[PDB]
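Chains as they are written, first to last, in UniProt numbering: chain V, 51 to 150; chain E, 1 to 263; chain S, 1 to 158; chain G, 2 to 207. To start, the structure itself, in structure tokens.
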Amino acid sequence: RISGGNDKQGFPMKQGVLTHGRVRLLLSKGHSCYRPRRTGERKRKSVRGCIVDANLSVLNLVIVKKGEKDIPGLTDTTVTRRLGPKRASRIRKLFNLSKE
Amino acid sequence: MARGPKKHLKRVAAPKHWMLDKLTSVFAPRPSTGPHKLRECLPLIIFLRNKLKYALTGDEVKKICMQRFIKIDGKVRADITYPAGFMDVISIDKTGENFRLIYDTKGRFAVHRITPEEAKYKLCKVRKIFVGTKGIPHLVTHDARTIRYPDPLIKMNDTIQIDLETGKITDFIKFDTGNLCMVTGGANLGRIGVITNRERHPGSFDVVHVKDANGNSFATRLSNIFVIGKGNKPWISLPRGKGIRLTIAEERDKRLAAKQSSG
Amino acid sequence: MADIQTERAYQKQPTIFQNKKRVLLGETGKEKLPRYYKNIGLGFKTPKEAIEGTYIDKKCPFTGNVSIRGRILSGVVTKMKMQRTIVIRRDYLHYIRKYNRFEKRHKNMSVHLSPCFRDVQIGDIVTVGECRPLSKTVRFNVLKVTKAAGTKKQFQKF
Amino acid sequence: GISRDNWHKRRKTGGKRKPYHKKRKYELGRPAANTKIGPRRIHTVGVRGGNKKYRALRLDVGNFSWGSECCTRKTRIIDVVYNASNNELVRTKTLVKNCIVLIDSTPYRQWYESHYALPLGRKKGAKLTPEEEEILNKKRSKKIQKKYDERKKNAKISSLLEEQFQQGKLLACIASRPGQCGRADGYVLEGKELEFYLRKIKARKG
RNA sequence: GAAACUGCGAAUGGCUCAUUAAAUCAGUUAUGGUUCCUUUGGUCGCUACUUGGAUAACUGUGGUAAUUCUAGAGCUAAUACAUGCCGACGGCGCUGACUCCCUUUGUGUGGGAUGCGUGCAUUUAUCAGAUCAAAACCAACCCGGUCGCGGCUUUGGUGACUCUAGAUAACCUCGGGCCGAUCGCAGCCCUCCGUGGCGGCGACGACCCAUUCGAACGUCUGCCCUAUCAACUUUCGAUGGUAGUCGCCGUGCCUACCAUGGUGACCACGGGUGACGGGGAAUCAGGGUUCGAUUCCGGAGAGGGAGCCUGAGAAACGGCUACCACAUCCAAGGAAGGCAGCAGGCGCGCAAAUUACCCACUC
Numbered sequence: 051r052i053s054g055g056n057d058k059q060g061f062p063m064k065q066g067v068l069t070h071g072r073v074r075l076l077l078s079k080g081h082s083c084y085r086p087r088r089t090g091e092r093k094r095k096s097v098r099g100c101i102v103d104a105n106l107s108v109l110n111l112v113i114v115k116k117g118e119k120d121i122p123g124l125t126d127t128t129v130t131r132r133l134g135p136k137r138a139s140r141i142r143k144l145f146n147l148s149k150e
Numbered sequence: 001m002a003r004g005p006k007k008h009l010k011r012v013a014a015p016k017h018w019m020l021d022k023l024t025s026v027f028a029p030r031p032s033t034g035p036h037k038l039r040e041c042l043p044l045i046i047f048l049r050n051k052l053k054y055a056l057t058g059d060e061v062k063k064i065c066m067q068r069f070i071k072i073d074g075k076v077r078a079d080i081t082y083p084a085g086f087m088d089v090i091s092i093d094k095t096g097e098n099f100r101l102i103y104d105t106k107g108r109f110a111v112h113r114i115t116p117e118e119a120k121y122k123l124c125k126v127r128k129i130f131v132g133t134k135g136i137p138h139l140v141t142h143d144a145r146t147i148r149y150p151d152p153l154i155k156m157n158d159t160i161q162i163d164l165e166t167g168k169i170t171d172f173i174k175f176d177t178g179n180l181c182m183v184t185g186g187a188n189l190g191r192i193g194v195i196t197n198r199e200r201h202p203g204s205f206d207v208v209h210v211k212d213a214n215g216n217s218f219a220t221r222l223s224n225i226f227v228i229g230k231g232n233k234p235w236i237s238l239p240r241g242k243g244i245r246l247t248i249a250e251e252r253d254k255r256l257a258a259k260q261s262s263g
Numbered sequence: 001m002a003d004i005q006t007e008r009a010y011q012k013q014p015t016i017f018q019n020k021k022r023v024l025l026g027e028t029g030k031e032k033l034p035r036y037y038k039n040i041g042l043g044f045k046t047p048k049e050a051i052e053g054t055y056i057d058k059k060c061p062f063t064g065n066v067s068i069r070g071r072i073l074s075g076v077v078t079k080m081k082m083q084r085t086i087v088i089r090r091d092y093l094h095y096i097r098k099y100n101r102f103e104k105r106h107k108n109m110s111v112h113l114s115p116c117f118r119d120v121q122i123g124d125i126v127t128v129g130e131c132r133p134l135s136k137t138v139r140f141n142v143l144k145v146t147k148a149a150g151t152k153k154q155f156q157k158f
Numbered sequence: 002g003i004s005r006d007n008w009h010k011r012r013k014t015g016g017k018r019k020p021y022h023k024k025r026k027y028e029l030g031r032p033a034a035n036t037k038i039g040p041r042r043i044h045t046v047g048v049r050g051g052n053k054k055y056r057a058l059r060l061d062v063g064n065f066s067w068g069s070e071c072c073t074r075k076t077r078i079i080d081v082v083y084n085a086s087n088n089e090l091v092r093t094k095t096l097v098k099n100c101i102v103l104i105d106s107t108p109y110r111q112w113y114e115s116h117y118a119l120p121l122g123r124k125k126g127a128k129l130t131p132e133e134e135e136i137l138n139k140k141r142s143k144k145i146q147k148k149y150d151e152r153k154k155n156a157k158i159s160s161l162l163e164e165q166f167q168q169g170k171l172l173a174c175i176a177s178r179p180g181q182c183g184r185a186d187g188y189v190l191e192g193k194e195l196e197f198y199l200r201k202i203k204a205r206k207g
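In structure tokens:
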């Protein structure tokens with residue numbers, strides 16, 4: 051699956067901008083490509099449209115279905131320990147525990 | 001510009017009756033928002049530092065209050081700029097002493113020590129009467145206290161007595177002629193006398209005439225009269241000089257004759 | 001008098017209602033409208049023509065939606081070409097302290113005059129009290145009219 | 002943006018005034034609601050002090066009072082017929098205070114017929130007998146006919162309404178502010194108000 | 001206990017005097033024409049032994065010459081975000097199958113199966129608000145008594161309300177009003193052996209009254225020079241009326257229709273000011289003349305104009321967006337900016353100090 055990328059000059063792609071060009075948008079709290087420094091801040095800044103072309107610096111991709119072959123390192127390596135749950139109903143839902 | 005409320009006070013702008021010096025500083029304590037008006041209170045820091053002298057700096061006041069030693073109207077207060085005012089009681093249980101705020105006859109708060117059985121009640125002037133939902137009657141006092149189910153004889157301008165452990169009404173004095181009062185604003189501030197006439201105007205201000213123990217006469221707007229006793233006798237103990245306001249020539253002559261101030 | 005609905009919207013007093021039940025009156029009839037009116041306070045008296053009248057005026061002190069508060073003033077009626085409003089003149093002396101002498105000055109007020117006063121003339125004396133702002137330039141409303149302390153309308157027998 | 006100040010305009014004498022300061026936020030104004038007939042669409046705005054205000058863009062239904070009978074019920078709004086302030090407001094069907102409107106007569110007719118035990122909106126026997134006669138006549142032990150003199154001796158309605166009920170529509174007046182409350186709500190026209198607006202409606206077009 | 005999320009503050013303080021002549025400002029009065037974080041006092045009972053999913057710090061992989069630029073992937077919390085019972089419905093009004101008693105109906109009764117609504121806020125309509133002076137007949141009776149006479153009763157308040165409280169018919173905001181799924185100390189009393197609870201001290205939070213701190217709008221009287229400024233304003237709203245829109249609220253504040261007004265020799269309208277207003281300062285027999293950018297109080301403004309987010313409070317500039325004037329970096333694609341704060345520099349001119357030390361004092 052295609053998950054995004056960066057332009058030349060490093061500008062990110064974002065979903066919903068239906069072009070191969072870059073554009074300037076007034077961003078606000080809750081959009082990607084911005085992080086507000088104050089409550090209620092908005093800033094106007096450059097972003098890239100959704101369509102893939104030869105121009106990109108990098109494409110981001112995620113494997114949604116594995117083949118029969120193994121890709122070296124990327125698909126050989128077994129999963130790490132992660133971190134366990136902390137909300138009480140979450141612990142019951144993981145181990146199928148009774149309400150008592 | 002002024003885009004919202006202010007939170008500082010310059011020392012030459014502060015109330016005259018606090019008696020602050022000219023040269024230690026630019027600022028004065030801004031009284032905390034509370035039961036009494038900014039012009040009509042005494043901040044707790046000025047009482048502990050400047051009047052009683054238990055502390056030499058504002059930090060020595062802060063570490064008296066944070067130990068929970070100071071009670072106002074029987075409640076512990078940790079705020080150093082809390083707005084105490086007229087008829088309030090301050091108790092200091094660790095040193096074993098009690099005070100009430102009353103005006104000196106020159107128009108400033110005296111220190112006035114009281115016995116522990118007199119530290120159990122205060123006197124309150126009535127500001128408002130109204131009826132709420134389900135027909136329940138309400139009362140409002142000069143110090144923001146709200147009371148439900150007052151006695152239906154208690155009217156505007158009357159004085160009520162309350163016990164501090166429960167906050168409920170015990171007894172009251174009617175506003176009428178021949179009762180004893182104290183003056184709480186204007187040029188006559190801190191004088192005591194009996195009410196002798198009320199003159200009224202429809203729109204604008206009513207005027208009350210008051211008579212002294214020595215037979216002098218004075219007047220003020222009705223908003224400045226506080227009743228303190230039925231007939232001739234007060235319900236509270238009174239400070240040295242008893243509100244008599246002697247003139248500068250009488251004050252000179254007693255100061256020479258009595259030889260007080262280590263003469 | 002016989003008609004008052006001269007406007008594009010129907011004219012009535014608020015707080016008055018007419019029952020559409022028990023409507024029978026026989027060969028004759030009586031007033032379908034009771035009248036709303038009030039006391040102003042300050043020792044003024046409500047005119048008979050406000051109680052016995054049929055006019056609609058929302059800015060009226062006696063029969064409309066205004067509160068009389070603050071200053072009470074007087075002046076001389078001097079112009080009345082507007083409708084339900086008049087102009088009055090106020091004259092005074094100003095002291096100039098370098099000299100020991102006075103200077104004559106005047107100001108004008110636009111004021112609201114209701115029906116119930118209907119025989120006012122230029123040179124009559126009028127008493128007024130403050131209201132909320134009633135229009136752009138109007139802040140005062142007529143409480144009493146007189147021609148005491150002066151000569152008659154026509155001859156001395158008036 | 003839009004503002005409601007007094008200082009942009011001239012004094013009693015006809016003389017100009019110069020600006021004292023820039024525009025302040027407490028001098029603000031906003032665009033009009035222009036409420037239409039249609040299925041409910043309401044939007045809300047934050048106002049000075051942090052309170053909320055409701056603005057109705059479309060309304061289909063309201064609450065109306067028949068003050069003569071002490072009856073009020075939720076009712077459909079059909080059309081607008083007169084506006085004292087401007088004719089473009091009836092040409093474009095916009096709803097505002099003291100506008101004159103047509104409403105569904107049905108819930109008042111159903112209250113009356115079940116309260117008085119008499120017909121109201123009926124033309125001929127084919128719209129009386131075949132159904133719902135059992136609203137009017139039932140077994141009523143010691144409450145059958147004569148005890149309804151408490152009803153029947155005060156039942157007669159005004160001729161101007163009995164002519165409206167047969168067409169299925171009543172005239173009414175809007176008393177709420179729909180652009181400020183979110184509601185369209187008012188009272189049924191009666192008596193000399195009904196005579197006044199029937200003359201004005203007829204004299205404009207008819 | 002670093003970091004990060006959440007809460008609060010950043011609208012005060014400090015700097016300057018450009019604009020501004022009934023404007024600002026001062027004394028005097030008013031909200032019965034409005035809003036109000038916090039403090040202080042009222043008020044706080046029409047799956048439930050505890051619900052849902054999802055992100056930051058962190059771990060891991062990157063893009064651009066460049067910034068307090070940020071993208072894709074793997075984990076996990078709540079007083080963040082979103083749901084929602086239990087307990088204490090037993091309300092009281094309206095309907096009225098049937099039933100009982102004096103009188104078949106009507107009219108006086110007492111029961112009564114069964115339905116509907118039923119806290120405070122919100123929008124609209126309706127009702128009641130009690131008091132006064134004097135008799136004589138008639139229907140039916142309160143009541144003392146029996147087949148014609150004596151005697152009466154019910155929120156509060158203002159100079160003044162279309163006030164406050166009460167009753168009736170409906171509405172109701174939902175995703176878009178309240179009625180606690182929260183945190184910390186000491187432990188308890190028992191049809192009681194760790195159970196049913198009830199409870200001591202709090203902390204934090206939220207709808208509504210009243211306070212406190214204010215803010216906003218309005219009343220009366222008060223101003224330097226000028227006629228080589230004598231008439232001015234007016235659907236391009238000028239003055240007023242009726243209905244409405246918008247707004248925290250009164251109001252030509254704005255819109256439609258209508259009227260023809262409003263100010264001036266007691267100086268309007270126009271122009272000037274090396275004009276911010278006041279407390280005040282210099283000089284002075286008595287009366288005066290001149291000054292007040294400047295430590296206290298009020299106003300205005302952050303290069304020039306305009307627009308707007310967040311919030312109880314801003315039309316904010318140590319917030320944001322654009323045009324106009326300046327101007328810094330670049331890999332020429334792009335990115336960033338506002339000392340009339342404290343020190344310091346250039347320019348100007350007769351003309352004005354150190355890029356020092358500290359939160360000990362005052363707040």
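Cβ coordinates follow ideal geometry from the N, Cα and C atoms, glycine included.
CB contact flag (residue i, residue j, <8 Å)
| i | j | result |
| --- | --- | --- |
| residue 159(S) | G129(S) | With chain S running from 1 to 158 in the structure shown, residue 159(S) is simply not present. |
| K58(V) | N110(V) | no |
| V210(E) | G193(E) | yes |
| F65(G) | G187(G) | yes |
| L73(S) | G203(E) | no |
| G74(E) | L9(E) | no |
| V97(V) | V73(V) | yes |
Alpha carbon of residue i to alpha carbon of residue j, nearest angstrom
| i | j | result |
| --- | --- | --- |
| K10(G) | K152(S) | 43 Å |
| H36(E) | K6(E) | 18 Å |
| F166(G) | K59(S) | 39 Å |
| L44(E) | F172(E) | 29 Å |
| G55(V) | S78(V) | 21 Å |
| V91(G) | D57(S) | 28 Å |
| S86(G) | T15(S) | 23 Å |
| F218(E) | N232(E) | 17 Å |
| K38(S) | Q154(S) | 35 Å |
| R221(E) | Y10(S) | 50 Å |
Per-residue burial, residue i [other beta carbons within 10 Å of its own, 16 or more giving buried]
| i | result |
| --- | --- |
| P133(S) | exposed |
| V102(V) | exposed |
| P40(G) | exposed |
| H116(G) | exposed |
Integer Cβ distance of residue i from residue j, believed to fall under 8 Å
| i | j | result |
| --- | --- | --- |
| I228(E) | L180(E) | 5 Å |
| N141(S) | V87(S) | Incorrect: roughly 14 Å between the Cβ atoms, too far for contact. |
| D61(G) | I43(G) | With 8 Å as the limit, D61(G) and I43(G) do not qualify as a contact, their Cβ atoms being about 12 Å apart. |
| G185(E) | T105(E) | Contact flag wrong, Cβ pair sits at about 15 Å. |
| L103(G) | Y113(G) | That pair is no contact at about 19 Å. |
| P15(E) | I102(E) | Contact flag wrong, Cβ pair sits at about 17 Å. |
| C174(G) | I101(G) | 6 Å |
| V138(S) | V120(S) | Not quite, the Cβ-Cβ distance comes to about 17 Å (not below 8 Å), so this is no contact. |
Would you list, in chain order, the members of the region 123-150 of chain S that have their beta-carbon closer than 8 Å to a beta-carbon of chain E? The region 123-150 of chain S vs chain E, Cβ under 8 Å: nothing.
Determine which residues of the region 134-145 of chain E have a Cβ less than 8 Å from any Cβ of chain S, and write them out in chain order. Within the region 134-145 of chain E, no residue has its Cβ closer than 8 Å to any Cβ of chain S.
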